[PDB]
Amino acid sequence: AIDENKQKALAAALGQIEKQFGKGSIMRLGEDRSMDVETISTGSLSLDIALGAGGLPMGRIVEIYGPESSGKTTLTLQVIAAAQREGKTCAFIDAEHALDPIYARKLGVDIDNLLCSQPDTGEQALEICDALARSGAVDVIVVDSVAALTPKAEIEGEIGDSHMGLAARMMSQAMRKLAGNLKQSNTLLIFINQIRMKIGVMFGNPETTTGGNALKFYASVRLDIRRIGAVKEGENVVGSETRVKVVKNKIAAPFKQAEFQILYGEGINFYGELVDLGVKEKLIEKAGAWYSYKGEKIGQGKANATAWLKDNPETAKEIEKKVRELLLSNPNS
Amino acid sequence: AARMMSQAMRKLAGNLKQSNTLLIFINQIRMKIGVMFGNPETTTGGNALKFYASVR
Amino acid sequence: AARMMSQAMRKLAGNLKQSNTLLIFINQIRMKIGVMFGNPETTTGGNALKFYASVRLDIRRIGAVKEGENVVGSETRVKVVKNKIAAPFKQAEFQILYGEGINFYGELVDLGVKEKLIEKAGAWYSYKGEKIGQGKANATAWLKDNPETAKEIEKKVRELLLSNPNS
DNA sequence: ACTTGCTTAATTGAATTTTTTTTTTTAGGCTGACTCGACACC
DNA sequence: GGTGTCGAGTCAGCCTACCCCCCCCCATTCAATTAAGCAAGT
DNA sequence: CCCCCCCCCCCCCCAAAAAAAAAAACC
Ligand SMILES: Nc1ncnc2c1ncn2[C@@H]1O[C@H](COP(=O)(O)OP(=O)(O)OP(O)(O)=S)[C@@H](O)[C@H]1O
Ligand SMILES: [Mg+2]
């Protein structure tokens with residue numbers, strides 16, 4: 001008796017809300033396809049595993065932070081390169097004024113279709129982000145350094161002048177405005193941030209990021225990237241040994257980490273990863289310092305084993321297919 | 001209230017002068033809103049009393 | 001809302017006086033922003049109630065009351081910010097204990113010490129030589145057990161500090 | 001009977017520095033900028 | 001025929017009317033220091 | 001005895017509401 005009266009009052013209210021605000025304003029969460037999480041590759045297989053859902057989520061905000069020369073720009077360009085290869089449009093907002101277009105081409109970016117902007121102010125940078133988000137025509141936006149998003153008042157002003165929390169306020173306002181626009185357009189926004197030291201602290205770590213506290217809350221993923229060593233061809237340093245910690249994750253379990261090589265002028269070493277994962281999943285046998293695939297000695301030393309996998313495009317397909325099958329915990333589709 | 005004050009001033013001003021009686025009105029401040037230029041402080045009971053007052 | 005409150009006061013002030021009825025309005029605090037003349041703490045509902053009020057009390061929590069670790073109440077301060085029936089700007093300090101209310105015996109200690117009926121050496125409370133406890137809580141706990149001395153100290157404090165007693 | 005360490009509570013001090021600017025809800029005038037027709041002159 | 005220039009018309013943004021009330025502001029936590037009373041040693 | 005004719009003028013305001021936000025090593 002009361003059941004029917006409640007179901008009718010509910011049905012009437014739902015009808016009135018959908019009339020006043022629009023069609024999909026309120027609905028049951030189980031029958032809402034908009035809310036399903038879709039992901040894209042990072043151009044690193046170990047990082048796609050660490051993220052738990054096979055890559056970075058569309059319609060969300062991501063933060064990548066780290067020290068100087070850690071690989072923050074190189075990593076965001078490999079994301080763009082991968083996205084372009086699946087026929088997606090990408091934008092680069094270069095607030096640092098430090099992008100080399102020749103190096104971007106060497107990492108596999110289609111330069112001639114990559115939208116670029118070198119804005120004057122933080123406001124202009126973030127108004128271009130909102131304009132491209134509302135359009136529905138851009139799939140990935142990268143904002144290179146939050147640290148270089150200078151408010152207009154600070155550019156007009158003198159060096160030494162105080163602007164209390166003015167960048168932090170700008171970023172707080174930006175997040176509020178963007179979150180909704182990005183979810184509707186299914187657009188991925190990636191923010192790069194720099195590290196700074198906070199003083200008057202003895203608990204926790206003294207490392208901070210720039211641009212205040214809003215971005216920590218709204219980010220669905222946060223990556224801490226670091227250079228942990230060198231890659232040498234005898235004497236010549238030819239690349240960096242890199243580590244990425246997943247510091248925040250809302251689309252899968254956090255605190256996982258990824259290890260890989262960045263080689264100068266190539267990018268992330270995909271086959272270098274595919275060796276290490278093939279080893280861990282018992283598909284490649286490392287008998288001391290001798291890498292072996294089904295008895296056949298593919299080489300000795302990681303570089304020779306990688307060079308062998310490069311020469312055999314069938315054996316690389318085989319191992320990738322198995323590793324993808326096994327380790328990807330939440331496959332999206 | 002503005003009308004009642006308007007009518008009272010008309011009636012009282014002449015009766016006070018004849019009898020030589022001092023009449024003191026106390027008023028409270030309110031805040032007039034939708035004013036940018038100047039002082040947003042008003043008093044109560046309309047405009048008549050400003051005109052008929054010999055001292056404010 | 002400011003208009004409604006302005007209209008309400010006009011109507012109520014006279015009706016309350018005839019009936020001899022006490023009306024108490026509780027108000028919340030809000031922040032005034034921009035170009036501020038004075039303190040940025042405001043109250044809600046416009047400017048009428050400030051004029052019509054015969055008494056205005058500002059109440060504040062100034063600390064915790066702890067039984068070792070367990071927080072068992074609040075230390076409170078009340079400022080008299082407006083008064084038309086006696087002189088203003090006097091203040092009161094008392095304890096609110098959760099589930100009991102205002103700690104009457106705690107006030108009686110503090111008023112006993114002020115009017116020399118109780119002797120306080122460091123943190124040692126003495127009534128006519130006899131030592132009644134160390135610390136305000138043990139002193140209070142004694143006065144709770146000895147209602148003869150409580151009634152005596154109350155009667156003397158009322159005689160001293162309350163100017164005109166009851167009818 | 002004289003002196004000292006322990007007890008329990010309450011009191012006071014430091015905690016590196018030092019800093020900003022904005023709205024909706026005006027009304028009516030003044031400045032500068034853009035549009036268009038066309039008339040003088042090479 | 002085309003470009004500079006005279007002229008009327010229309011539109012977007014700024015600013016100036018304006019005096020200027022305050023009576024002085026919302027407040028905390030850990031730990032070193034002080035001290036009156038009382039049991040233990042002499 | 002016999003039979004109507006015609007309008008005139010406004011008056012007064014009332015009330016506030018609300019925060020937002022870090023930035024940086026030094027030997
Ligand atoms: N144009 C280039 N040619 C060769 N190597 C490069 C080039 N640009 C960057 N690298 C190297 O790639 C590695 C990572 O560089 P990035 O990806 O630019 O790092 P990053 O964190 O953006 O550092 P910033 O912005 O300069 S603090 C470093 O060892 C660089 O020296
Ligand atoms: Mg960079």
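Residues numbered from 1 in each chain as written, not as in the entry; some residues may be left out. Chains lettered and ligands numbered in written order. Part of a larger assembly, values for the part shown. Heavy atoms only, no water.

- Method of structure determination, per the deposited record: cryo-EM was used for this entry, reaching 2.7 Å resolution.

## Regarding the overall build of chain A
Point 1. Of the regular secondary structure elements, chain A holds 11 helices and 15 strands.
Point 2. The dimensions of chain A, computed from C-alpha atoms along their principal axes, are 70 × 70 × 50 Å.
Point 3. Counting across all 333 residues of chain A, residues that qualify as buried make up 42%.
Point 4. Relative to all contacts within chain A whose residues are 6 or more apart in sequence, the contacts with residues 24 or more apart total 64%.
Point 5. Here chain A displays about 18500 Å² of accessible surface, and carbon together with sulfur accounts for 52% of that area.
Point 6. With 41 positive and 43 negative side-chain charges, chain A shows a separation of 5 Å between the mean positions of the two kinds. (Helix = DSSP H or I, 4+ residues; strand = E, 2+ residues; numbered from the N terminus. Buried < 20%, exposed > 50% of the residue type's maximum accessible area, 1.4 Å probe, protein only. Contact = heavy atoms within 4.5 Å. Areas by Shrake-Rupley, 256 points an atom, 1.4 Å probe, with all protein chains shown as cover. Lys, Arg positive; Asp, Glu negative; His and termini not counted. Charge placed at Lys NZ, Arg CZ, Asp CG, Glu CD.)

## Comments concerning the overall build of chain B
Point 1. Across its full length, chain B holds two helices and two strands.
Point 2. If you list the helices and strands of chain B from N to C, you get α-β-β-α.
Point 3. Computed over the C-alpha atoms, the radius of gyration of chain B is 14 Å, more than 25% above the 10 Å expected from 2.2 N^0.38 for a compact globule of 56 residues.
Point 4. Expressed along its principal axes, the backbone C-alpha trace of chain B runs to roughly 45 × 20 × 15 Å.
Point 5. Buried positions account for 11% of the 56 residues belonging to chain B.
Point 6. Split by element, the accessible area of chain B, about 5100 Å² in all, is 58% carbon and sulfur. (Rg over C-alpha atoms; globule rule 2.2 N^0.38 Å.)

## Focus on a nonpolar patch on the surface
Point 1. A surface patch of nonpolar side chains, about 480 Å² in accessible area, is lined by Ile29(B), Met31(B), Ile33(B), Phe51(C) and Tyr52(C).
Point 2. Mapped by element, the contributors of at least two residues to the nonpolar patch are β1 (29-31) of chain B together with α2 (48-52) of chain C.
Point 3. Its place among the elements puts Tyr52(C) in helix α2.
Point 4. Since its relative accessible area comes to 31%, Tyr52(C) is described here as partly exposed. (Patch = residues over 30% accessible without salt bridge, like charges linked within 9 Å, V, L, I, M, F, W, Y side chains within 5 Å. Salt bridge = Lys/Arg side-chain N within 4 Å of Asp/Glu carboxyl O.)

## Quick look at the sheet that holds strand β8 (residues 124-127) of chain C
Residues and elements named next belong to chain C.
Point 1. Spatial ordering of the open sheet is given by β7-β8-β9, a layout of three strands whose pairing is antiparallel. Since the sheet does not close on itself, it has two edges, and those belong to β7 (119-121) and β9 (130-134), each with one partner. Ignoring which end each strand starts from, the neighbouring axes of this sheet average 30° apart.
Point 2. Lying on the sheet, helix α4 (residues 136-145) is in contact with β8 and β9; it crosses β9 at an angle near 130°. (Pairing = 2+ DSSP bridges. Axes fitted to C-alpha atoms, helices over the stretch in contact; angles between N-to-C directions.)

## Comments concerning the interface of chain C and chain B
Point 1. Listed as interface residues are five residues of chain C and, on the opposing side, four residues of chain B.
Point 2. In total, chain C and chain B occlude about 370 Å² of area from one another, counting both sides; carbon and sulfur atoms represent 49% of this.
Point 3. For the interface between chain C and chain B, the tally reads zero salt bridges.
Point 4. Viewed at the interface, chain B and chain C are joined by one residue pair in polar contact. (Buried area = accessible area lost by both parts, 1.4 Å probe. Polar contact = N/O pair within 3.5 Å; in protein donor to acceptor, adjacent residues only side chain to side chain.)

## Concerning the UniProt feature "binding site: ATP" (unreviewed entry) in chain A
Residues and elements named next belong to chain A.
Point 1. UniProt marks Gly 66, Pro 67, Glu 68, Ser 69, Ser 70, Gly 71, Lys 72 and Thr 73 with the feature "binding site: ATP" (unreviewed entry), using the numbering shown here.
Point 2. Along the chain, the position of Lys 72 falls in helix α3 (residues 72-85).
Point 3. Polar contacts involving the side chain of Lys 72 include one to the main-chain carbonyl oxygen of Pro 67, which spans 2.9 Å.
Point 4. Inspection of the secondary structure puts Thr 73 in helix α3.
Point 5. A residue is classified by how much of its surface remains accessible, and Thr 73, at 26% relative accessible area, is partly exposed. (UniProt positions renumbered as here; feature names shortened; annotations may be inferred.)

## Some points on the protein's contact with DNA strand E
Point 1. Of all residues adjacent to DNA strand E, which total 15 residues, the nearest are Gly38(B), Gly38(C), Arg60(C), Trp124(C) and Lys131(C).
Point 2. The contact atoms of DNA strand E, taken as those within 4 Å of the protein, divide so that sugar and phosphate hold 50%.
Point 3. Taking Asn39(B), its side chain carries an N or O atom lying 3.4 Å from a phosphate oxygen of DNA strand E.
Point 4. In this structure, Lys131(C) approaches DNA strand E through a side-chain N or O atom, which is 2.5 Å from a phosphate oxygen.
Point 5. Here the residues of the surface near DNA strand E are counted per class, giving seven nonpolar, four polar and four charged. (Near = heavy atom within 4 Å. Nonpolar A, V, L, I, M, F, W, Y, C, P; charged D, E, K, R; others polar.)

## Comments concerning the nonpolar core
Residues and elements named next belong to chain A.
Point 1. The biggest cluster of nonpolar side chains holds 34 residues, and the ones touching the most others in it are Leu 56, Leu 75, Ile 80, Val 140, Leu 188, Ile 190 and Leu 223.
Point 2. Here this core gets six residues from one element, more than from any other, and that element is α3.
Point 3. Apart from residues no more than four positions distant in its own chain, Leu 223 is found in contact with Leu 47, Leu 51, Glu 63, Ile 64, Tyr 65, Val 244, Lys 245 and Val 246.
Point 4. Formed by 24 residues, the second largest nonpolar core is a distinct cluster that contains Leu 126, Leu 132, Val 143 and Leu 215. (Core = buried A, V, L, I, M, F, W, Y, C linked by side-chain atoms within 4.5 Å.)

## Focus on the site of ligand 1
All names here are of chain A.
Point 1. Taken together, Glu 68, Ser 69, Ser 70, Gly 71, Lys 72, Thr 73, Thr 74, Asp 100, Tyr 103 and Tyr 264 make up the full set of residues adjacent to ligand 1.
Point 2. At 3.3 Å from an oxygen atom of ligand 1 is found a main-chain nitrogen or oxygen belonging to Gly 71.
Point 3. Its free accessible area being 650 Å², ligand 1 has 64% of it covered by the protein chains.
Point 4. Top element by residues in the shell around ligand 1 is α3. It accounts for three residues.
Point 5. By residue class, the composition of the shell around ligand 1 is two nonpolar, five polar and three charged.

## Things to note about the protein's contact with DNA strand F
Point 1. Close to DNA strand F lie 33 residues; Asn213(A), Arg3(B), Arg10(B), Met31(B) and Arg10(C) are nearest.
Point 2. Each atom of DNA strand F within 4 Å of the protein belongs either to a base or to sugar and phosphate, the latter forming 60%.
Point 3. Here a phosphate oxygen of DNA strand F sits 3.1 Å away from a polar atom, N or O, in the side chain of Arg176(A).
Point 4. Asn47(B) places a main-chain nitrogen or oxygen 2.8 Å from a phosphate oxygen of DNA strand F.

## Side note on empty space enclosed by the protein
Residues and elements named next belong to chain A.
Point 1. All chains considered together, the criterion is met by one cavity of 30 Å³ or more.
Point 2. Approximately 60 Å³ is the volume attributed to the largest cavity.
Point 3. Taken together, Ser 34, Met 35, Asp 36, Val 37, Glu 38, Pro 57, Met 58, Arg 60, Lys 183 and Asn 186 form the lining of the largest cavity.
Point 4. Among the residues forming the lining of the largest cavity, the class breakdown is four nonpolar, two polar and four charged. (1 Å grid on protein atoms, 1.4 Å probe; cavity = no way out; pocket = protein on both sides within 12 Å on 5 of 7 lines; lining within 4 Å. Points joined across faces, edges and corners; volume = space filled by probe spheres on them.)

## Remarks on helix α1 (residues 2-21) of chain A
Point 1. Helix length check: α1(A), at 20 residues, gives a terminal C-alpha distance of 29 Å against a target of 28 Å (1.5 Å per residue), a fit within 8%.
Point 2. Little of α1(A) sits out of view: just one of its 20 residues are buried. (Expected span 1.5 Å × (residues − 1).)

## A look at the packing of helix α3 (residues 104-114) of chain C against α4(C)
Residue and element names in this part refer to chain C.
Point 1. Closest axis-to-axis distance for the α3/α4 pair is 9 Å, and the angle between their directions is 110°. What the angle tells us is that α3 and α4 run roughly perpendicular. In this structure, α3 contributes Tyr 105, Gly 106, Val 109 and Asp 110 to the contact, and α4 contributes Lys 136, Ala 139, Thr 140, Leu 143 and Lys 144.
Point 2. For the contact of α3 with α4, the residue count by class is four nonpolar, two polar and three charged. (Parallel < 35°, antiparallel > 145°, perpendicular 65-115°, else oblique.)

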